[PDB]
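In what follows, a structure is listed as structure tokens, so that the remarks can point back to it.
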Amino acid sequence: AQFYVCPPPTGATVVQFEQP
Amino acid sequence: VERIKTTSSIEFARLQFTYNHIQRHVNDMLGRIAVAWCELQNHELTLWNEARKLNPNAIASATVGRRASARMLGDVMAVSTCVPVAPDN
Amino acid sequence: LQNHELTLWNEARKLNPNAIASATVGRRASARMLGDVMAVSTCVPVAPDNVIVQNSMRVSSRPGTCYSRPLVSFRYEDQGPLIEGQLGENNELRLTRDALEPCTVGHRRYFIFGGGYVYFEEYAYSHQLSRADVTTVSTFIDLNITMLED
Amino acid sequence: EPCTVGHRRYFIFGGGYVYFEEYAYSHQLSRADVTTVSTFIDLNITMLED
Amino acid sequence: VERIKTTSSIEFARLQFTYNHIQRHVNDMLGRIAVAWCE
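Residue numbers (the entry's author numbering), protein chains in the order written: chain A, 103 to 122; chain B, 486 to 574; chain C, 525 to 674; chain D, 625 to 674; chain E, 486 to 524.
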């Protein structure tokens, strides 16, 4: 019961997945 | 040359046996559970890698912990925090 | 849970049979769907020191259209020839340069290469970097199980 | 789809597979004949004996 | 002013300790398993 507005993503912040 | 004195209560040794039995079984089964959980996580990482390509926003929101917008940068995601908005507005 | 998660797996192999086959079979193999079953074939290992990455993903003969993945040159052995190709997903070599897209401004891309990432900026090589250079989010649910002490 | 040379396909039919070559029926096939890769993680939990 | 009578078998307390120890470990580990499963 709360909305979010998302600005277009930029290359400044980058996240990856932890490897096995 | 000495005389050995024997205690009258064997219950300590029986308690040791019972504890060892229960402890060994529990450690074996919990160890198997831990190993299986690890393999399951490593196995599900493959599905996560593909769902990331499918819909970056939901995957990023789930993994990061905050509602963020993500877009693929080749083989990695770029994310940005989303501004909350009240429903009545 | 397993009997449930299979429902997900049957879909994932349609998205990327390569990764699914490599994960389930246990060897890095190339796979493709043959209807309702997946056909696999083993992939040949190549040492990381025999591969070179080209600086530009643009095409000097084709303006407006350019590669979405870096160009590379690899040699199977030290006395072998230079074999051209383009980089794929998860240390994959593609012999055909058929990955073409319209060139767009603000083109910043990361690609898995060796043990780390290679970063390209406006369709041009920028720099290598390590895996730890990029912050990681974990998809793993931790379960800390400890044993009974004697 | 536009027909392609080298059309080899398996389709789940009944309890087995049906294999088509070049957009034409080739043969039925039992499911147990095609090698199976397991997507399950084994967890062997045994009970305490009385 | 009364005298305390002591039982001759401490085995009840040793059984209590062993059961409590096993119970605590099992309840910790299975609780952790439940939380992990839910997550």
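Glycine included, every Cβ here is placed at the ideal spot set by N, Cα and C.
Item, Value
"Bounding residues of the beta strand (DSSP E) (the contiguous stretch that carries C590 (chain C))", "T589 to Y591"
"Neighbour flag for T548 (chain C) against chain D, beta carbons, 7 Å", "yes"
"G640 (chain D) - partner residues in DSSP beta bridges", "D:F637"
"Proximity test, Cβ basis, 7 Å: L532 (chain C) and chain E", "no"
"Where the beta strand (DSSP E) through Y106 (chain A) begins and ends", "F105 to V107"
"Cβ-based burial, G559 (chain B) [other Cβ within 10 Å; buried from 16]", "buried"
"Segment limits, alpha helix (DSSP H) that includes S494 (chain E)", "It is not in any alpha helix (DSSP H) - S494 (chain E) carries neither H nor E in the DSSP assignment."
"Three-state secondary structure (DSSP) of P626 (chain C)", "strand"
"For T660 (chain C), three-class secondary structure by DSSP", "strand"
"Reference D622 (chain C); option with closest CA among C:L525, C:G640 and C:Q610", "C:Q610"
"C-beta neighbour in chain B for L672 (chain C), strict 7 Å", "yes"
"Within chain E, partners of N668 (chain C) - CB distance below 7 Å", "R517"
"CA-to-CA distance, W522 (chain E) to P626 (chain D), given in whole angstroms", "47 Å"
"C-alpha gap between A536 (chain B) and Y647 (chain D), whole angstroms", "33 Å"
"Selected residue, minimal CA-CA separation from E673 (chain D), among B:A563, B:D573 and B:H506", "B:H506"
"Rounded C-alpha distance that separates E529 (chain C) from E529 (chain B)", "9 Å"
"Span of the alpha helix (DSSP H), counted from its first residue to its last, around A547 (chain C)", "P541 to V549"
"Boundaries of the beta strand (DSSP E) in which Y600 (chain C) is found, first to last residue", "Premise fails: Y600 (chain C) is in no beta strand (DSSP E) and is neither H nor E."
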